[PDB]
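See structure below.
What's counted below: heavy atoms across the whole structure, side chains too, no hydrogens, waters or symmetry copies. Chain letters run A, B, ... following the sequence lines, proteins first, then strands; residues in each count from 1. Counting starts at 1 for both ligands and their atoms, in listed order.
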Amino acid sequence: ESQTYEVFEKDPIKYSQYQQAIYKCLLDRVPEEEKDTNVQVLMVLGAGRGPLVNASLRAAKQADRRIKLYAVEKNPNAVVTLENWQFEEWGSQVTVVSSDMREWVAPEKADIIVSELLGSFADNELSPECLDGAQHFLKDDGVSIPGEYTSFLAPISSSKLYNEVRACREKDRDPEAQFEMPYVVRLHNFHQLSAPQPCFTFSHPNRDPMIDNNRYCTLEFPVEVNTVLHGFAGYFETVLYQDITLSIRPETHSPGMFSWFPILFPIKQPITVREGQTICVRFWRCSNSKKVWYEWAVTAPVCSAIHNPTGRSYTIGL
Amino acid sequence: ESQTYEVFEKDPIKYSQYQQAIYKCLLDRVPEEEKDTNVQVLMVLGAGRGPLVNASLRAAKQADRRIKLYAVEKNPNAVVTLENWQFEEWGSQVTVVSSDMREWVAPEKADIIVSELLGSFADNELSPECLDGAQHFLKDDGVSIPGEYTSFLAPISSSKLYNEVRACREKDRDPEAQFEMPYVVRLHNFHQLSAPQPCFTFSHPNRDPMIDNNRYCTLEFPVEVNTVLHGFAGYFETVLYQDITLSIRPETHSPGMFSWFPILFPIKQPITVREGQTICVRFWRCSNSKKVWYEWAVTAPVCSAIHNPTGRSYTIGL
Amino acid sequence: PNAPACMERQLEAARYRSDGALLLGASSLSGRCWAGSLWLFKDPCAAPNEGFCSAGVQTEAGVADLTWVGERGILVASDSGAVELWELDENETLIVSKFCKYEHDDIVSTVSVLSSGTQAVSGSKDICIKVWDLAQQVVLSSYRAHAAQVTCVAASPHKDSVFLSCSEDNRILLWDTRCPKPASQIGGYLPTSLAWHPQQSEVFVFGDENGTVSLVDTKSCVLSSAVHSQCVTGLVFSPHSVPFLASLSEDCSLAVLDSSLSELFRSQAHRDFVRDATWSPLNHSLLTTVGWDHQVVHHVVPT
Amino acid sequence: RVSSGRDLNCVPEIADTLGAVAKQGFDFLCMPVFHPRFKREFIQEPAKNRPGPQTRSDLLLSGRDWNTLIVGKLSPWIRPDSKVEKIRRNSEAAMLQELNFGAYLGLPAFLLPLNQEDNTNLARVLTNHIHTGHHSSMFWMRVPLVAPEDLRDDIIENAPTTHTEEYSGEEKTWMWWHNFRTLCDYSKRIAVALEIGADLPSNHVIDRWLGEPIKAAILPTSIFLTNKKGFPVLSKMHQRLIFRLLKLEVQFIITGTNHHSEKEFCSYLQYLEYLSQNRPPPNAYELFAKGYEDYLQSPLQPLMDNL
Ligand SMILES: Nc1ccc2[nH]c(CN3C(=O)c4cc(F)ccc4[C@]34CCN(Cc3ccc(F)cc3)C4=O)cc2n1
Ligand SMILES: Nc1ccc2[nH]c(CN3C(=O)c4cc(F)ccc4[C@]34CCN(Cc3ccc(F)cc3)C4=O)cc2n1
Ligand SMILES: CSC[C@H]1O[C@@H](n2cnc3c(N)ncnc32)[C@H](O)[C@@H]1O
Ligand SMILES: CSC[C@H]1O[C@@H](n2cnc3c(N)ncnc32)[C@H](O)[C@@H]1O
């Protein structure tokens, strides 16, 4: 919706990082002697109402380099915003494209592709799949912003949050469906048992033959207290270009930024954990031609059921 | 499954019609003077365990014409049957292809494409979508078998069948989901109120620009008795080539054939119908990029609710 | 030629003997009938054509592994659980079954003939390792030392009582039947193939599932190299005084390595799994490979 | 009297094999659907594009034969929980393929092994298969009474066998099962094929399997002693176990080659029959109760209701 894009745009820290990231890449790709010879082809993939487009303009001006912008966006309602802006402000430097990036037949290859397809668990908006599909119209020496992102997990104790999930039972579905799906939540009344650890990582552009975005990660969390495990807090980090980053991981959290709350992966039944014991969690990233989903299971100190098998309770739409 | 293909194969009338259909087309396409010059390229699309392949061999022998067979099949379990047959019996005349027909990049264009992608309501197995996707590797003057098929509907009164559907209520879904989905059933204890009328028709190869398989049909059924409408029996006819046909429409039913029982589209609430009144039904064929489904509604003598909106209760997978 | 009409698709083994006659084993791992066969080629270049063979025979079951028992004898590792011995006739046209002893409770995967030539050791998926006498045709000893399927066994070239073994339990056992406890565990990825050094009685190499080819001394410190991208199926040293190691894999390639496991040759000739390699005793620079793609390729190794 | 089957890992002709098995008095045949050694690639070229048929045709047997007489077996090379990422991914695709083909044939049961501790990804794939199309095929988990590591011969010089009493450690194979079936969330399709070893464990290790869904009891030929006549028999320890298993009404599977070469293979089965006949007959309680085993019923309320 309009107001969903509005609240995204109201995070200036995020875009200033994008601005700086693009600014740096432009200087690296274009030397001083080729300032007015080389026009870089930028392509915002998922332009929305056009904050990244504006940032790309600012970045090029502070860098003092020439750019040619595409603004790919599938949402036709947003494309209305883009075109009205484009007619009034931007002009023919920005070419608004109303298409899926996976489908779009590009008339030119990009030097840079910019994207903002990251959720609270990084890859939960299917940023891998989209950027993989848009990879073909990147130059052989092309850059992606972001170039990398990682998801983190940490076991939590929260009798509040457990009881909150419990209360999301709805008519006409599985009684325990609510436990087999992640939630975006500002975690407040909770206890984090162990320090976050990296779960899934994705690099763009992907150069591993027969690119597979399916995954399986085992994590072991050393707990130093008695407690009761109720779920797993999820965070993410992303490398926009080099030393320019964004993060919602508590210990490396970008200061000021509030465009992402943490995610929560519940479990059906709470699990006792004694001091000295290790919580062992297993996370899968699964897919078919239609959907992408996560499954997960605790394997220590006791076993849980595998959650969300075959994405029965939760899928992400391709 | 294996035994699902087994019972299909145990209908000799059906395949003898396919055999005859191909036999006739071969004679039309290849004259007597070009008997041993022209080898026709046949392509069975959805070969299964290979009855149509065998029939294509018989047809070519009784016609005395040369053929080159492809056997496209997506089901990898069936492809095991095909390849074992192919190695033992057929040989290099039949080229078994283990692929979706919509995906398969053909190394040659076909003179004939044979298919058996018809259910009890003709297009309920998405024969339109599959053959549309396989249309590109047909020759410009190529033939499809079948070349056409039509679905028929007829209003029925059956307090038995209504009560049977009712009893298909399951946990963890809509209480009335069972009424918003078709069933294959040997209709026995029922009363057909009006004579069947044609609902949806499909021609192959489709030559209408921007091929749309979505539909909307209004039917008016003159009832000559007092009764209570409980649903709509569905049948189908198909033109394999010319005067060779198959049908499960009662009045033009292929004698002996038992490879298709009729389909039933229920309604949530029974509808009184007085003698002289007209039953007016509306049927939609709907789709997106993932699913195809039907919706339906009675508009006379009283209105029903629109059944299966957005395919909430029933979809057919693409 | 007094032999089966058609051999099977999947070629499992290929061995040269003294004079230079190419032995071939083959299994059908697909289709109606899952059986095996044995073949002889006095003309190595004629392989694998059935119409131009010296000898050939159909076996009851598939052929997992074989090796030469000198000149006449051929010892087979069968899927039936039987270790079979066949012997060439005096004309060397037929192949008559000498013995066929069902002792293993599962597929016999690997077999190797000890120094004496009247004894052999087999390894099976039933986890056992058995010591045979080829004269009396009986099992001398039976050893459940491993805790998983035995992958590869390899007799010491100059020591009768000694042999290596490896298994999916991630153990490489060095044996010596003179000791009360004969097995000795040599101290990440599962071992799949073994090969004694021909000129050194204390040296051996092993290939693992991850594709790494290692170089081990029995005393101490090891050396290794990432040769293949997938499991190493077999390792075979050349007949040179300074030997070259030929490594095969499931990545459908062949690599010839030097003494320090540096890549000399590379061959992506096969389209399926490379199952065996055998150096020509006449021409030491020739190497014959066989695979499931039903090719018998002859490689000119630059030496 | 007793329902018995035959385990084989080598079937050169499926029609011939059954005939032999059926003549010996067996009711069904455990056998592979793809050749055990036929390892397949799914990712890397050019082995992924291997031509030809992948296995036997379904046509070789009748639909009814598949449905009643054949039990499937996962291939031994399939290791879903391998440390190597490639082998993991390949074993995944292979497991699904074999399981799918099992359902295609309409097999009543299919054997999968529990031969290590970590079978998490195995469980994740099986669970996925269970929640796919339509099938009512049982899955028998092959799990040993004693782990292979714990019954190996003490013949390694620098690695002796544990000569310590480890009460929890000797129950490890039950924990293998317990964890698996918990991950799979107590699926009624998943049951136990309990593999009996040469040396039975302590009594507590056996009592562990009380109240577990044991559907099969695999008996190797190696565990059979030989009597004065020269025919296969079992020890008094194993006899008591079989007697217990006959009360549960499990299906006894025979695996391994004929170590009693002089006799027929029917002898093994004949001995189980001999045991079956030679048991304490059902009393008035067990005679009448036969049928209502573990059948849940509502407590009668003769006050509220009229009987
Ligand atoms: N492509 C993009 C670009 C920006 C993006 N932000 C996110 C995170 N996100 C949700 O997933 C989400 C789901 C919801 F039902 C509601 C809100 C969110 C947010 C967006 C805003 N917000 C913070 C917040 C919320 C409430 C506050 F009063 C203050 C601050 C989240 O947590 C994904 C994403 N994806
Ligand atoms: N591509 C093809 C090729 C053959 C095809 N036959 C059909 C019809 N069909 C179903 O949809 C269906 C759904 C079911 F759960 C069960 C059975 C069917 C049938 C197939 C057989 N049969 C007749 C029958 C059934 C039971 C009898 F004791 C005798 C005779 C149907 O009514 C679609 C189709 N699609
Ligand atoms: C700025 S929030 C992310 C934006 O990316 C857009 N988007 C997501 N996936 C795609 C895609 N495949 N092609 C084009 N735009 C996309 C969404 O519509 C949203 O506006
Ligand atoms: C003979 S019953 C119809 C057959 O067509 C096959 N089939 C259906 N859709 C396709 C498709 N898109 N490509 C290939 N085979 C198909 C099915 O697997 C089935 O065996």
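Taking every heavy atom of B:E116 and a limit of under 4.0 angstrom, the matching atoms of ligand 2 come to 1 (N), 2 (C), 3 (C).
Using a 4.5 Å cut-off on side-chain heavy atoms (C-beta onward), A:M257 and A:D11 make contact. Residues A:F8 and A:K14 form a side-chain contact, since some pair of their non-hydrogen atoms from C-beta on lies under 4.5 Å apart. Side-chain contact between A:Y18 and A:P146 is present, with heavy atoms from C-beta onward closer than 4.5 Å.
Counting heavy atoms under 4.0 Å from ligand 2, residue B:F8 touches it through the side chain alone. Contacts with ligand 2 closer than 4.0 Å are made by no heavy atom of B:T4, backbone or side chain.
For the pair B:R249 and B:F152, the cation-pi test (distance below 6.0 Å, angle within 45°) is passed.
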Run through all N or O atoms in ligand 3 and write down each protein N or O closer than 3.5 Å, as a pair with its distance.
residue  : atom   : partner : partner atom : Å
ligand 3 : 12 (N) : A:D100  : OD1          : 2.9
ligand 3 : 13 (N) : A:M101  : N            : 3.0
ligand 3 : 15 (N) : A:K74   : N            : 3.4
ligand 3 : 18 (O) : A:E73   : OE2          : 2.6
ligand 3 : 20 (O) : A:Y5    : OH           : 2.6
ligand 3 : 20 (O) : A:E73   : OE1          : 2.7
ligand 3 : 20 (O) : A:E73   : OE2          : 3.4

Worked verdict on A:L246 versus A:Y149 for side-chain contact (heavy atoms from CB on, under 4.5 Å): CA-CA 9 Å; A:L246 300 166; A:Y149 40 87; over 6 Å; no
Chi angles and distances behind the side chain to side chain donor-acceptor pair (under 3.5 Å) call for B:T81, D:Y104: CA-CA 11 Å; B:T81 316; D:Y104 171 80; 3.2 Å; yes
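Distance check for atom 15 (F) of ligand 2: every protein heavy atom is found at 4.0 Å or beyond. At least one protein heavy atom sits closer than 4.0 Å to atom 29 (C) of ligand 2. There is no protein heavy atom less than 4.0 angstrom from atom 19 (C) of ligand 2. Contact annotation for atom 6 (N) of ligand 2: protein present (non-hydrogen atoms, distance under 4.0 Å).
Residue B:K160 qualifies as open at atom NZ: its count of foreign heavy atoms under 6.0 Å is 12 or below. No more than 12 heavy atoms of other residues, nucleotides or ligands lie within 6.0 Å of NZ in A:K68, so this atom counts as exposed by the packing criterion.
Looking only at heavy atoms of the protein, atom 11 (O) of ligand 2 is closest to B:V184 CG2, 3.6 Å. Counting only heavy atoms of the protein, atom 23 (C) of ligand 2 lies nearest to B:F258 O, 3.5 Å. Summary of contacts: the protein heavy atom closest to atom 25 (C) of ligand 2 is B:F261 CE1, 3.4 Å. For atom 35 (N) of ligand 2, the closest non-hydrogen atom of the protein is B:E125 OE2, 2.7 Å.
Note on ring orientation: taking the six-membered ring where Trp is involved, the planes of B:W104 and B:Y70 are tilted (angle from 30° to 60°). By the 30° and 60° cut-offs, the orientation of the rings of B:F121 relative to B:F283 is tilted. Using cut-offs of 30° and 60° for the angle between ring planes, the B:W90 and B:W85 rings count as tilted.
The existence of a salt bridge linking A:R285 and A:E129 is confirmed by a sub-4.0 Å separation between a basic side-chain nitrogen and an acidic carboxylate oxygen.
By the 4.0 Å heavy-atom criterion, B:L118 is counted among the residues contacting ligand 2.
Geometrically, ligand 2 and B:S120 share no nitrogen or oxygen pair separated by less than 3.5 Å. Here's the thing with B:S259: one of its N/O atoms is less than 3.5 angstrom from an N/O atom of ligand 2. Considering backbone and side-chain N/O atoms, B:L117 never comes within less than 3.5 Å of an N/O atom of ligand 2.
For the pair B:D100 (side chain) and B:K74 (backbone), a donor-acceptor distance under 3.5 Å is absent.
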